[PDB]
Each structure stands twice: as structure tokens, then as C-alpha cells.
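Visitor: Next comes the structure file upload.pdb, holding PDB, N, CA and C atoms and all ligand atoms.
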```pdb
MODEL        1
ATOM      1  N   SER A  22     131.921 151.603  98.796
ATOM      2  CA  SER A  22     130.924 150.817  99.592
ATOM      3  C   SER A  22     129.961 150.083  98.653
ATOM      4  N   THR A  23     129.667 148.822  98.975
ATOM      5  CA  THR A  23     128.776 147.921  98.199
ATOM      6  C   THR A  23     127.326 148.349  98.418
ATOM      7  N   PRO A  24     126.365 147.889  97.584
ATOM      8  CA  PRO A  24     124.940 148.103  97.853
ATOM      9  C   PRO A  24     124.496 147.657  99.255
ATOM     10  N   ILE A  25     124.974 146.502  99.723
ATOM     11  CA  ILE A  25     124.595 145.979 101.072
ATOM     12  C   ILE A  25     125.162 146.918 102.145
ATOM     13  N   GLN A  26     126.412 147.364 102.003
ATOM     14  CA  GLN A  26     127.027 148.290 102.997
ATOM     15  C   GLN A  26     126.201 149.579 103.077
ATOM     16  N   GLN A  27     125.775 150.118 101.934
ATOM     17  CA  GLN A  27     124.971 151.365 101.888
ATOM     18  C   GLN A  27     123.644 151.147 102.621
ATOM     19  N   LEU A  28     122.961 150.033 102.360
ATOM     20  CA  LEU A  28     121.650 149.747 102.999
ATOM     21  C   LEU A  28     121.843 149.580 104.510
ATOM     22  N   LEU A  29     122.844 148.817 104.941
ATOM     23  CA  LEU A  29     123.051 148.562 106.392
ATOM     24  C   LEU A  29     123.458 149.866 107.095
ATOM     25  N   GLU A  30     124.261 150.728 106.456
ATOM     26  CA  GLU A  30     124.613 152.049 107.046
ATOM     27  C   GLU A  30     123.315 152.837 107.256
ATOM     28  N   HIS A  31     122.391 152.789 106.293
ATOM     29  CA  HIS A  31     121.065 153.454 106.383
ATOM     30  C   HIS A  31     120.277 152.866 107.561
ATOM     31  N   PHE A  32     120.140 151.543 107.616
ATOM     32  CA  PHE A  32     119.408 150.857 108.711
ATOM     33  C   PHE A  32     120.040 151.218 110.060
ATOM     34  N   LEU A  33     121.369 151.199 110.150
ATOM     35  CA  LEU A  33     122.064 151.454 111.445
ATOM     36  C   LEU A  33     121.774 152.894 111.894
ATOM     37  N   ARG A  34     121.824 153.863 110.976
ATOM     38  CA  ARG A  34     121.515 155.280 111.307
ATOM     39  C   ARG A  34     120.099 155.367 111.889
ATOM     40  N   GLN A  35     119.136 154.706 111.247
ATOM     41  CA  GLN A  35     117.703 154.739 111.638
ATOM     42  C   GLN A  35     117.522 154.025 112.987
ATOM     43  N   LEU A  36     118.244 152.929 113.227
ATOM     44  CA  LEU A  36     118.158 152.195 114.519
ATOM     45  C   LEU A  36     118.768 153.043 115.644
ATOM     46  N   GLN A  37     119.910 153.683 115.405
ATOM     47  CA  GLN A  37     120.597 154.456 116.474
ATOM     48  C   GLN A  37     119.755 155.676 116.856
ATOM     49  N   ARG A  38     118.980 156.226 115.921
ATOM     50  CA  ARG A  38     118.040 157.344 116.213
ATOM     51  C   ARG A  38     117.044 156.921 117.304
ATOM     52  N   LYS A  39     116.759 155.623 117.434
ATOM     53  CA  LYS A  39     115.797 155.092 118.436
ATOM     54  C   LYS A  39     116.467 154.950 119.811
ATOM     55  N   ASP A  40     117.775 155.211 119.904
ATOM     56  CA  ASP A  40     118.566 155.118 121.160
ATOM     57  C   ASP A  40     119.264 156.456 121.377
ATOM     58  N   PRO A  41     118.504 157.550 121.624
ATOM     59  CA  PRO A  41     119.102 158.883 121.696
ATOM     60  C   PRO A  41     120.101 159.065 122.851
ATOM     61  N   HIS A  42     119.977 158.282 123.927
ATOM     62  CA  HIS A  42     120.919 158.304 125.076
ATOM     63  C   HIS A  42     122.215 157.556 124.745
ATOM     64  N   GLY A  43     122.243 156.752 123.678
ATOM     65  CA  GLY A  43     123.416 155.925 123.335
ATOM     66  C   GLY A  43     123.647 154.783 124.316
ATOM     67  N   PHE A  44     122.592 154.239 124.929
ATOM     68  CA  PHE A  44     122.710 153.073 125.837
ATOM     69  C   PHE A  44     123.314 151.872 125.096
ATOM     70  N   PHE A  45     123.111 151.788 123.779
ATOM     71  CA  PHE A  45     123.532 150.643 122.932
ATOM     72  C   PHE A  45     124.657 151.062 121.980
ATOM     73  N   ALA A  46     125.243 152.245 122.176
ATOM     74  CA  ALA A  46     126.259 152.818 121.262
ATOM     75  C   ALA A  46     127.573 152.044 121.335
ATOM     76  N   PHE A  47     127.946 151.523 122.510
ATOM     77  CA  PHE A  47     129.278 150.916 122.755
ATOM     78  C   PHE A  47     129.136 149.623 123.549
ATOM     79  N   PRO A  48     130.164 148.749 123.521
ATOM     80  CA  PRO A  48     130.114 147.505 124.282
ATOM     81  C   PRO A  48     129.896 147.728 125.780
ATOM     82  N   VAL A  49     129.049 146.891 126.373
ATOM     83  CA  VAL A  49     128.796 146.900 127.842
ATOM     84  C   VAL A  49     130.082 146.453 128.544
ATOM     85  N   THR A  50     130.549 147.213 129.541
ATOM     86  CA  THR A  50     131.738 146.869 130.374
ATOM     87  C   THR A  50     131.286 146.222 131.688
ATOM     88  N   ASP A  51     132.048 145.237 132.177
ATOM     89  CA  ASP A  51     131.854 144.589 133.505
ATOM     90  C   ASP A  51     131.891 145.654 134.609
ATOM     91  N   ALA A  52     132.644 146.741 134.397
ATOM     92  CA  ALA A  52     132.742 147.917 135.297
ATOM     93  C   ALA A  52     131.362 148.543 135.557
ATOM     94  N   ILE A  53     130.525 148.707 134.521
ATOM     95  CA  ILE A  53     129.173 149.348 134.613
ATOM     96  C   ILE A  53     128.094 148.274 134.825
ATOM     97  N   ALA A  54     128.394 147.023 134.464
ATOM     98  CA  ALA A  54     127.453 145.880 134.479
ATOM     99  C   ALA A  54     128.131 144.692 135.153
ATOM    100  N   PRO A  55     128.135 144.635 136.506
ATOM    101  CA  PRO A  55     128.840 143.576 137.229
ATOM    102  C   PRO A  55     128.541 142.172 136.681
ATOM    103  N   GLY A  56     129.598 141.450 136.307
ATOM    104  CA  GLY A  56     129.558 140.048 135.855
ATOM    105  C   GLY A  56     128.992 139.891 134.455
ATOM    106  N   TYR A  57     128.862 140.987 133.704
ATOM    107  CA  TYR A  57     128.184 140.983 132.382
ATOM    108  C   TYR A  57     128.826 139.924 131.473
ATOM    109  N   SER A  58     130.156 139.960 131.343
ATOM    110  CA  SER A  58     130.943 139.143 130.382
ATOM    111  C   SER A  58     130.836 137.656 130.724
ATOM    112  N   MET A  59     130.456 137.325 131.960
ATOM    113  CA  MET A  59     130.324 135.924 132.433
ATOM    114  C   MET A  59     128.884 135.431 132.249
ATOM    115  N   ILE A  60     127.932 136.335 131.991
ATOM    116  CA  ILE A  60     126.488 136.003 131.788
ATOM    117  C   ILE A  60     126.180 136.022 130.287
ATOM    118  N   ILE A  61     126.647 137.059 129.588
ATOM    119  CA  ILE A  61     126.374 137.267 128.138
ATOM    120  C   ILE A  61     127.564 136.733 127.336
ATOM    121  N   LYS A  62     127.342 135.630 126.625
ATOM    122  CA  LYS A  62     128.387 134.874 125.890
ATOM    123  C   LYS A  62     128.778 135.606 124.601
ATOM    124  N   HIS A  63     127.832 136.317 123.979
ATOM    125  CA  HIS A  63     127.989 136.926 122.632
ATOM    126  C   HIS A  63     127.547 138.382 122.688
ATOM    127  N   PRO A  64     128.372 139.278 123.277
ATOM    128  CA  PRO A  64     128.005 140.686 123.405
ATOM    129  C   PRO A  64     127.881 141.318 122.012
ATOM    130  N   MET A  65     127.025 142.327 121.906
ATOM    131  CA  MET A  65     126.864 143.094 120.654
ATOM    132  C   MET A  65     126.383 144.496 121.016
ATOM    133  N   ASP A  66     126.714 145.451 120.155
ATOM    134  CA  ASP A  66     126.356 146.874 120.333
ATOM    135  C   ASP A  66     126.412 147.540 118.961
ATOM    136  N   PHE A  67     125.822 148.724 118.839
ATOM    137  CA  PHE A  67     125.730 149.469 117.560
ATOM    138  C   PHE A  67     127.129 149.806 117.034
ATOM    139  N   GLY A  68     128.077 150.108 117.925
ATOM    140  CA  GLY A  68     129.460 150.454 117.541
ATOM    141  C   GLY A  68     130.160 149.292 116.859
ATOM    142  N   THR A  69     130.045 148.101 117.438
ATOM    143  CA  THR A  69     130.563 146.845 116.847
ATOM    144  C   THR A  69     129.864 146.613 115.505
ATOM    145  N   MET A  70     128.554 146.840 115.419
ATOM    146  CA  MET A  70     127.805 146.646 114.146
ATOM    147  C   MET A  70     128.344 147.602 113.069
ATOM    148  N   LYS A  71     128.629 148.851 113.421
ATOM    149  CA  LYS A  71     129.210 149.839 112.476
ATOM    150  C   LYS A  71     130.557 149.306 111.974
ATOM    151  N   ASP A  72     131.409 148.862 112.891
ATOM    152  CA  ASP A  72     132.745 148.317 112.539
ATOM    153  C   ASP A  72     132.582 147.134 111.584
ATOM    154  N   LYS A  73     131.597 146.266 111.814
ATOM    155  CA  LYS A  73     131.372 145.078 110.943
ATOM    156  C   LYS A  73     130.882 145.519 109.553
ATOM    157  N   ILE A  74     130.054 146.569 109.451
ATOM    158  CA  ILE A  74     129.627 147.107 108.120
ATOM    159  C   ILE A  74     130.866 147.615 107.372
ATOM    160  N   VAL A  75     131.703 148.412 108.038
ATOM    161  CA  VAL A  75     132.906 149.029 107.407
ATOM    162  C   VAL A  75     133.858 147.912 106.947
ATOM    163  N   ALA A  76     134.007 146.848 107.741
ATOM    164  CA  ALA A  76     134.890 145.690 107.446
ATOM    165  C   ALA A  76     134.248 144.764 106.401
ATOM    166  N   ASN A  77     133.014 145.062 105.983
ATOM    167  CA  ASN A  77     132.217 144.303 104.982
ATOM    168  C   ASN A  77     131.955 142.876 105.482
ATOM    169  N   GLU A  78     131.743 142.710 106.791
ATOM    170  CA  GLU A  78     131.546 141.389 107.437
ATOM    171  C   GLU A  78     130.097 140.919 107.272
ATOM    172  N   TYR A  79     129.134 141.815 107.034
ATOM    173  CA  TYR A  79     127.723 141.404 106.805
ATOM    174  C   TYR A  79     127.550 141.082 105.319
ATOM    175  N   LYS A  80     127.256 139.822 104.982
ATOM    176  CA  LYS A  80     127.078 139.389 103.570
ATOM    177  C   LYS A  80     125.587 139.309 103.233
ATOM    178  N   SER A  81     124.715 139.573 104.207
ATOM    179  CA  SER A  81     123.247 139.609 104.005
ATOM    180  C   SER A  81     122.601 140.510 105.056
ATOM    181  N   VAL A  82     121.418 141.016 104.732
ATOM    182  CA  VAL A  82     120.575 141.789 105.682
ATOM    183  C   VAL A  82     120.218 140.874 106.862
ATOM    184  N   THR A  83     119.962 139.587 106.606
ATOM    185  CA  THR A  83     119.667 138.561 107.641
ATOM    186  C   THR A  83     120.749 138.576 108.731
ATOM    187  N   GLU A  84     122.026 138.577 108.348
ATOM    188  CA  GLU A  84     123.163 138.588 109.310
ATOM    189  C   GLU A  84     123.111 139.853 110.177
ATOM    190  N   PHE A  85     122.821 140.991 109.564
ATOM    191  CA  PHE A  85     122.745 142.299 110.265
ATOM    192  C   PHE A  85     121.589 142.269 111.269
ATOM    193  N   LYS A  86     120.404 141.838 110.828
ATOM    194  CA  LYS A  86     119.205 141.745 111.705
ATOM    195  C   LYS A  86     119.520 140.834 112.899
ATOM    196  N   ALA A  87     120.247 139.730 112.684
ATOM    197  CA  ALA A  87     120.590 138.778 113.768
ATOM    198  C   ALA A  87     121.454 139.485 114.823
ATOM    199  N   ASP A  88     122.394 140.346 114.426
ATOM    200  CA  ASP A  88     123.252 141.074 115.397
ATOM    201  C   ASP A  88     122.408 142.102 116.153
ATOM    202  N   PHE A  89     121.507 142.795 115.468
ATOM    203  CA  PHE A  89     120.583 143.755 116.122
ATOM    204  C   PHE A  89     119.742 143.012 117.166
ATOM    205  N   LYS A  90     119.163 141.872 116.786
ATOM    206  CA  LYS A  90     118.309 141.088 117.718
ATOM    207  C   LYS A  90     119.171 140.585 118.887
ATOM    208  N   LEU A  91     120.400 140.142 118.611
ATOM    209  CA  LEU A  91     121.347 139.661 119.655
ATOM    210  C   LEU A  91     121.554 140.768 120.696
ATOM    211  N   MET A  92     121.825 141.986 120.234
ATOM    212  CA  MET A  92     122.061 143.166 121.103
ATOM    213  C   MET A  92     120.849 143.356 122.026
ATOM    214  N   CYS A  93     119.646 143.330 121.449
ATOM    215  CA  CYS A  93     118.377 143.523 122.201
ATOM    216  C   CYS A  93     118.143 142.350 123.159
ATOM    217  N   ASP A  94     118.348 141.116 122.692
ATOM    218  CA  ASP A  94     118.144 139.899 123.519
ATOM    219  C   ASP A  94     119.106 139.927 124.710
ATOM    220  N   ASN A  95     120.356 140.338 124.497
ATOM    221  CA  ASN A  95     121.367 140.399 125.586
ATOM    222  C   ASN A  95     120.847 141.333 126.678
ATOM    223  N   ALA A  96     120.356 142.515 126.300
ATOM    224  CA  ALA A  96     119.868 143.541 127.248
ATOM    225  C   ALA A  96     118.659 142.983 128.006
ATOM    226  N   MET A  97     117.822 142.194 127.333
ATOM    227  CA  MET A  97     116.587 141.647 127.954
ATOM    228  C   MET A  97     116.910 140.412 128.805
ATOM    229  N   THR A  98     118.093 139.812 128.632
ATOM    230  CA  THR A  98     118.589 138.672 129.451
ATOM    231  C   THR A  98     119.220 139.207 130.738
ATOM    232  N   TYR A  99     120.106 140.198 130.620
ATOM    233  CA  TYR A  99     120.945 140.667 131.749
ATOM    234  C   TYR A  99     120.137 141.583 132.672
ATOM    235  N   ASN A 100     119.314 142.467 132.110
ATOM    236  CA  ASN A 100     118.585 143.510 132.876
ATOM    237  C   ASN A 100     117.209 142.976 133.274
ATOM    238  N   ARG A 101     116.725 143.373 134.455
ATOM    239  CA  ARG A 101     115.375 143.009 134.959
ATOM    240  C   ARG A 101     114.331 143.756 134.130
ATOM    241  N   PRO A 102     113.119 143.188 133.934
ATOM    242  CA  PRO A 102     112.094 143.821 133.100
ATOM    243  C   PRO A 102     111.706 145.264 133.465
ATOM    244  N   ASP A 103     111.866 145.667 134.730
ATOM    245  CA  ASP A 103     111.420 146.994 135.235
ATOM    246  C   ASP A 103     112.460 148.084 134.934
ATOM    247  N   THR A 104     113.558 147.767 134.235
ATOM    248  CA  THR A 104     114.714 148.687 134.032
ATOM    249  C   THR A 104     114.593 149.452 132.709
ATOM    250  N   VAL A 105     115.229 150.621 132.644
ATOM    251  CA  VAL A 105     115.306 151.489 131.430
ATOM    252  C   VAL A 105     115.873 150.662 130.265
ATOM    253  N   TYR A 106     116.938 149.891 130.513
ATOM    254  CA  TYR A 106     117.702 149.139 129.477
ATOM    255  C   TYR A 106     116.841 148.023 128.879
ATOM    256  N   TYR A 107     116.168 147.245 129.729
ATOM    257  CA  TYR A 107     115.241 146.169 129.290
ATOM    258  C   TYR A 107     114.142 146.791 128.424
ATOM    259  N   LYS A 108     113.482 147.834 128.929
ATOM    260  CA  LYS A 108     112.305 148.449 128.257
ATOM    261  C   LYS A 108     112.722 149.029 126.904
ATOM    262  N   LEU A 109     113.885 149.683 126.817
ATOM    263  CA  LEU A 109     114.335 150.251 125.523
ATOM    264  C   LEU A 109     114.718 149.117 124.564
ATOM    265  N   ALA A 110     115.408 148.082 125.040
ATOM    266  CA  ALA A 110     115.781 146.905 124.216
ATOM    267  C   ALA A 110     114.520 146.312 123.564
ATOM    268  N   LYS A 111     113.460 146.093 124.350
ATOM    269  CA  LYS A 111     112.191 145.501 123.838
ATOM    270  C   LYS A 111     111.562 146.441 122.803
ATOM    271  N   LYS A 112     111.485 147.730 123.131
ATOM    272  CA  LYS A 112     110.901 148.784 122.269
ATOM    273  C   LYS A 112     111.614 148.809 120.913
ATOM    274  N   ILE A 113     112.950 148.881 120.905
ATOM    275  CA  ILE A 113     113.705 149.126 119.641
ATOM    276  C   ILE A 113     113.804 147.820 118.852
ATOM    277  N   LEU A 114     113.783 146.669 119.526
ATOM    278  CA  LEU A 114     113.763 145.354 118.832
ATOM    279  C   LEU A 114     112.548 145.329 117.897
ATOM    280  N   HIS A 115     111.355 145.578 118.438
ATOM    281  CA  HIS A 115     110.081 145.513 117.672
ATOM    282  C   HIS A 115     110.048 146.618 116.610
ATOM    283  N   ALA A 116     110.331 147.862 117.005
ATOM    284  CA  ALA A 116     110.319 149.056 116.125
ATOM    285  C   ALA A 116     111.370 148.901 115.020
ATOM    286  N   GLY A 117     112.549 148.385 115.377
ATOM    287  CA  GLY A 117     113.683 148.173 114.462
ATOM    288  C   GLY A 117     113.354 147.164 113.381
ATOM    289  N   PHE A 118     112.797 146.004 113.746
ATOM    290  CA  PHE A 118     112.387 144.952 112.775
ATOM    291  C   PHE A 118     111.277 145.512 111.874
ATOM    292  N   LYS A 119     110.323 146.261 112.432
ATOM    293  CA  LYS A 119     109.241 146.903 111.631
ATOM    294  C   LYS A 119     109.868 147.861 110.613
ATOM    295  N   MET A 120     110.773 148.734 111.068
ATOM    296  CA  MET A 120     111.460 149.751 110.223
ATOM    297  C   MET A 120     112.164 149.058 109.045
ATOM    298  N   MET A 121     112.844 147.931 109.292
ATOM    299  CA  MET A 121     113.660 147.217 108.270
ATOM    300  C   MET A 121     112.749 146.383 107.356
ATOM    301  N   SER A 122     111.480 146.203 107.748
ATOM    302  CA  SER A 122     110.408 145.480 107.008
ATOM    303  C   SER A 122     110.777 144.000 106.871
TER     304      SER A 122
HETATM  305  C1  LIG B 201     122.529 148.131 127.422
HETATM  306  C2  LIG B 201     123.219 148.203 128.764
HETATM  307  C3  LIG B 201     123.849 149.306 129.233
HETATM  308  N1  LIG B 201     123.899 150.432 128.501
HETATM  309  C4  LIG B 201     124.579 151.656 128.866
HETATM  310  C5  LIG B 201     126.014 151.714 128.406
HETATM  311  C6  LIG B 201     126.733 150.589 128.008
HETATM  312  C7  LIG B 201     128.047 150.702 127.593
HETATM  313  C8  LIG B 201     128.658 151.932 127.571
HETATM  314  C9  LIG B 201     127.963 153.066 127.963
HETATM  315  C10 LIG B 201     126.636 152.971 128.394
HETATM  316  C11 LIG B 201     125.894 154.206 128.772
HETATM  317  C12 LIG B 201     125.440 154.401 130.074
HETATM  318  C13 LIG B 201     124.700 155.528 130.406
HETATM  319  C14 LIG B 201     124.378 156.458 129.438
HETATM  320  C15 LIG B 201     124.795 156.263 128.138
HETATM  321  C16 LIG B 201     125.536 155.141 127.802
HETATM  322  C17 LIG B 201     124.461 149.233 130.526
HETATM  323  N2  LIG B 201     124.456 148.192 131.284
HETATM  324  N3  LIG B 201     123.817 147.092 130.785
HETATM  325  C18 LIG B 201     123.836 145.928 131.658
HETATM  326  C19 LIG B 201     123.191 147.004 129.562
HETATM  327  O1  LIG B 201     122.643 145.974 129.208
ENDMDL
END
```
Show this structure as C-alpha cells.
Ligand SMILES: Cc1c(NCc2ccccc2-c2ccccc2)cnn(C)c1=O
Guide:
Amino acid sequence: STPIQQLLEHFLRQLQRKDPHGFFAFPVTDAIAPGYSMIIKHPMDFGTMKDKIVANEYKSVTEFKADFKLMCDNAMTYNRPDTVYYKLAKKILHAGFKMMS
């Protein structure tokens, strides 16, 4: 593993600790989220981010942060503000960017 892979594995571990229920662990299915795939053009989740680190697809911390923000933005687009998913997406977006400095 490269220096960037080691750092992103560290960041991903610290970000997933902020989602103890695993709401963001795996891709959102149309089965659990009616019409999700037709509303959200660029789905993202922590599991896909792990796969991209292992595949060495992140060539900068900037690219990794953009996928984390995408995941949070998707949840805040699809879910109404009064929902568990919206509130956790907003919480971990801010806390996550602070953690990564
Ligand atoms: C962020 C988000 C959702 N997250 C939950 C989820 C999504 C995919 C797989 C599994 C779960 C899950 C469900 C319950 C408990 C643990 C994991 C679900 N729906 N939508 C629309 C989302 O944005």
C-alpha cells in the first residue's frame, strides 16, 4: 500500500466510526429508497470508497474528500431534512472535513 492508500484507509476508518449504524456502509438500493437511482446520478457509499482505495483509484486526498462530500450531499438531496439519514449526512460531512483538516 502507498502512503496515500495508508492515509485514506486511516481517514475512512475514522469516518465510518461516525456512522455506527452503517447507514452509509453500502450502496443505497431502489428497494429501500424508492426511485433513488433515478434521482441520484452519482451514488457513493463508504464500501465503494474502500474498494476505490484498494484499487488505488484515489490519486489525491482531494479526490477522496470529494467522494465523501458526494455521499453526504446525495443523502441531503434524496432525504427530507427531518430524517435520520439527512441529519447524520449533515453531521458527518462537517465533522468528517474537520477530522481530515
Ligand atoms: C443513506 C441512506 C440510507 N441508508 C441506509 C442503508 C442504505 C443501504 C444499505 C443499507 C442501509 C441500512 C439501513 C438501515 C440500517 C443500516 C443500514 C437509506 N436510504 N436512503 C435513501 C439513504 O439516503
Visitor: List the residues matched by the PyMOL selection byres (((not hetatm)) within 7 of (chain B and resi 201)) in the displayed structure as a PyMOL selection string, ordered by chain and then by residue number.
Guide: chain A and resi 42-50+53-55+57+95-97+99-100+106-107
Visitor: How about saving the chosen residues, N, CA and C atoms kept, as a PDB file, in the frame of the given file?
Guide:
```
ATOM      1  N   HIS A  42     119.977 158.282 123.927  1.00  0.00           N
ATOM      2  CA  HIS A  42     120.919 158.304 125.076  1.00  0.00           C
ATOM      3  C   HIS A  42     122.215 157.556 124.745  1.00  0.00           C
ATOM      4  N   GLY A  43     122.243 156.752 123.678  1.00  0.00           N
ATOM      5  CA  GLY A  43     123.416 155.925 123.335  1.00  0.00           C
ATOM      6  C   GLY A  43     123.647 154.783 124.316  1.00  0.00           C
ATOM      7  N   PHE A  44     122.592 154.239 124.929  1.00  0.00           N
ATOM      8  CA  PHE A  44     122.710 153.073 125.837  1.00  0.00           C
ATOM      9  C   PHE A  44     123.314 151.872 125.096  1.00  0.00           C
ATOM     10  N   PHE A  45     123.111 151.788 123.779  1.00  0.00           N
ATOM     11  CA  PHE A  45     123.532 150.643 122.932  1.00  0.00           C
ATOM     12  C   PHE A  45     124.657 151.062 121.980  1.00  0.00           C
ATOM     13  N   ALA A  46     125.243 152.245 122.176  1.00  0.00           N
ATOM     14  CA  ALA A  46     126.259 152.818 121.262  1.00  0.00           C
ATOM     15  C   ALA A  46     127.573 152.044 121.335  1.00  0.00           C
ATOM     16  N   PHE A  47     127.946 151.523 122.510  1.00  0.00           N
ATOM     17  CA  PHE A  47     129.278 150.916 122.755  1.00  0.00           C
ATOM     18  C   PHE A  47     129.136 149.623 123.549  1.00  0.00           C
ATOM     19  N   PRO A  48     130.164 148.749 123.521  1.00  0.00           N
ATOM     20  CA  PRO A  48     130.114 147.505 124.282  1.00  0.00           C
ATOM     21  C   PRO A  48     129.896 147.728 125.780  1.00  0.00           C
ATOM     22  N   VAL A  49     129.049 146.891 126.373  1.00  0.00           N
ATOM     23  CA  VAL A  49     128.796 146.900 127.842  1.00  0.00           C
ATOM     24  C   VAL A  49     130.082 146.453 128.544  1.00  0.00           C
ATOM     25  N   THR A  50     130.549 147.213 129.541  1.00  0.00           N
ATOM     26  CA  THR A  50     131.738 146.869 130.374  1.00  0.00           C
ATOM     27  C   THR A  50     131.286 146.222 131.688  1.00  0.00           C
ATOM     28  N   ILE A  53     130.525 148.707 134.521  1.00  0.00           N
ATOM     29  CA  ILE A  53     129.173 149.348 134.613  1.00  0.00           C
ATOM     30  C   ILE A  53     128.094 148.274 134.825  1.00  0.00           C
ATOM     31  N   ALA A  54     128.394 147.023 134.464  1.00  0.00           N
ATOM     32  CA  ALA A  54     127.453 145.880 134.479  1.00  0.00           C
ATOM     33  C   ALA A  54     128.131 144.692 135.153  1.00  0.00           C
ATOM     34  N   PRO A  55     128.135 144.635 136.506  1.00  0.00           N
ATOM     35  CA  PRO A  55     128.840 143.576 137.229  1.00  0.00           C
ATOM     36  C   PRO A  55     128.541 142.172 136.681  1.00  0.00           C
ATOM     37  N   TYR A  57     128.862 140.987 133.704  1.00  0.00           N
ATOM     38  CA  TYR A  57     128.184 140.983 132.382  1.00  0.00           C
ATOM     39  C   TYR A  57     128.826 139.924 131.473  1.00  0.00           C
ATOM     40  N   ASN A  95     120.356 140.338 124.497  1.00  0.00           N
ATOM     41  CA  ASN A  95     121.367 140.399 125.586  1.00  0.00           C
ATOM     42  C   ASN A  95     120.847 141.333 126.678  1.00  0.00           C
ATOM     43  N   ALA A  96     120.356 142.515 126.300  1.00  0.00           N
ATOM     44  CA  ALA A  96     119.868 143.541 127.248  1.00  0.00           C
ATOM     45  C   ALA A  96     118.659 142.983 128.006  1.00  0.00           C
ATOM     46  N   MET A  97     117.822 142.194 127.333  1.00  0.00           N
ATOM     47  CA  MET A  97     116.587 141.647 127.954  1.00  0.00           C
ATOM     48  C   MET A  97     116.910 140.412 128.805  1.00  0.00           C
ATOM     49  N   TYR A  99     120.106 140.198 130.620  1.00  0.00           N
ATOM     50  CA  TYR A  99     120.945 140.667 131.749  1.00  0.00           C
ATOM     51  C   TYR A  99     120.137 141.583 132.672  1.00  0.00           C
ATOM     52  N   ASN A 100     119.314 142.467 132.110  1.00  0.00           N
ATOM     53  CA  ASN A 100     118.585 143.510 132.876  1.00  0.00           C
ATOM     54  C   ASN A 100     117.209 142.976 133.274  1.00  0.00           C
ATOM     55  N   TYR A 106     116.938 149.891 130.513  1.00  0.00           N
ATOM     56  CA  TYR A 106     117.702 149.139 129.477  1.00  0.00           C
ATOM     57  C   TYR A 106     116.841 148.023 128.879  1.00  0.00           C
ATOM     58  N   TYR A 107     116.168 147.245 129.729  1.00  0.00           N
ATOM     59  CA  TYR A 107     115.241 146.169 129.290  1.00  0.00           C
ATOM     60  C   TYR A 107     114.142 146.791 128.424  1.00  0.00           C
TER      61      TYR A 107
END
```
Visitor: Kindly give the distance, in Å, that separates atom CA of residue 79 of chain A and atom CA of residue 114 of chain A, rounded to a single decimal.
Guide: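 Separating atom CA of residue 79 of chain A from atom CA of residue 114 of chain A is a distance of 18.8 Å.
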Visitor: Mind pulling up the distance from atom CA of residue 110 of chain A to atom CA of residue 93 of chain A?
Guide: 4.7 Å
Visitor: List the neighbours of residue 77 of chain A out to 10 Å using only C-alpha atoms; skip same-chain residues closer than 3 positions along the sequence, and give me the result as a PDB file with N, CA and C atoms, in the coordinates of the input.
Guide:
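Okay, around01.pdb is ready:
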```
ATOM      1  N   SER A  22     131.921 151.603  98.796  1.00  0.00           N
ATOM      2  CA  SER A  22     130.924 150.817  99.592  1.00  0.00           C
ATOM      3  C   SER A  22     129.961 150.083  98.653  1.00  0.00           C
ATOM      4  N   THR A  23     129.667 148.822  98.975  1.00  0.00           N
ATOM      5  CA  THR A  23     128.776 147.921  98.199  1.00  0.00           C
ATOM      6  C   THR A  23     127.326 148.349  98.418  1.00  0.00           C
ATOM      7  N   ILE A  25     124.974 146.502  99.723  1.00  0.00           N
ATOM      8  CA  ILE A  25     124.595 145.979 101.072  1.00  0.00           C
ATOM      9  C   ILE A  25     125.162 146.918 102.145  1.00  0.00           C
ATOM     10  N   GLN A  26     126.412 147.364 102.003  1.00  0.00           N
ATOM     11  CA  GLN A  26     127.027 148.290 102.997  1.00  0.00           C
ATOM     12  C   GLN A  26     126.201 149.579 103.077  1.00  0.00           C
ATOM     13  N   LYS A  71     128.629 148.851 113.421  1.00  0.00           N
ATOM     14  CA  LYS A  71     129.210 149.839 112.476  1.00  0.00           C
ATOM     15  C   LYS A  71     130.557 149.306 111.974  1.00  0.00           C
ATOM     16  N   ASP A  72     131.409 148.862 112.891  1.00  0.00           N
ATOM     17  CA  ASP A  72     132.745 148.317 112.539  1.00  0.00           C
ATOM     18  C   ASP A  72     132.582 147.134 111.584  1.00  0.00           C
ATOM     19  N   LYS A  73     131.597 146.266 111.814  1.00  0.00           N
ATOM     20  CA  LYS A  73     131.372 145.078 110.943  1.00  0.00           C
ATOM     21  C   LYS A  73     130.882 145.519 109.553  1.00  0.00           C
ATOM     22  N   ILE A  74     130.054 146.569 109.451  1.00  0.00           N
ATOM     23  CA  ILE A  74     129.627 147.107 108.120  1.00  0.00           C
ATOM     24  C   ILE A  74     130.866 147.615 107.372  1.00  0.00           C
ATOM     25  N   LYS A  80     127.256 139.822 104.982  1.00  0.00           N
ATOM     26  CA  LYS A  80     127.078 139.389 103.570  1.00  0.00           C
ATOM     27  C   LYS A  80     125.587 139.309 103.233  1.00  0.00           C
TER      28      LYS A  80
END
```
Visitor: When distances are computed from only C-alpha atoms, which of A:70, A:121, A:92, A:76 shows the smallest separation from residue 109 of chain A?
Guide: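 Residue with the minimum atom-to-atom distance to residue 109 of chain A: A:92.
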Visitor: Between atom N of residue 84 of chain A and atom C of residue 68 of chain A, what is the distance in Å, rounded to a tenth?
Guide: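 For atom N of residue 84 of chain A relative to atom C of residue 68 of chain A, the distance reads 15.9 Å.
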Visitor: Save C-alpha atoms of segment 93-112 of chain A from the block above as a compact mmCIF listing (two decimals), in the first residue's frame.
Guide:
```txt
# COMPACT_ATOMS: atom_id res chain seq x y z
CA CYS A 93 -23.27 13.25 2.21
CA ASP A 94 -24.74 15.58 -0.49
CA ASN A 95 -26.68 12.63 -2.05
CA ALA A 96 -28.26 11.81 1.37
CA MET A 97 -29.15 15.52 1.90
CA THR A 98 -30.70 15.69 -1.66
CA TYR A 99 -32.84 12.49 -1.50
CA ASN A 100 -33.92 12.56 2.20
CA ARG A 101 -36.13 15.30 3.80
CA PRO A 102 -34.34 17.48 6.43
CA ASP A 103 -36.37 15.97 9.38
CA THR A 104 -34.99 12.39 8.68
CA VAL A 105 -32.27 10.34 10.50
CA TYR A 106 -30.33 9.98 7.15
CA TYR A 107 -30.34 13.75 6.31
CA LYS A 108 -29.31 14.72 9.90
CA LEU A 109 -26.45 12.15 10.04
CA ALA A 110 -25.23 13.13 6.50
CA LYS A 111 -25.02 16.84 7.59
CA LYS A 112 -23.36 15.92 10.95
```
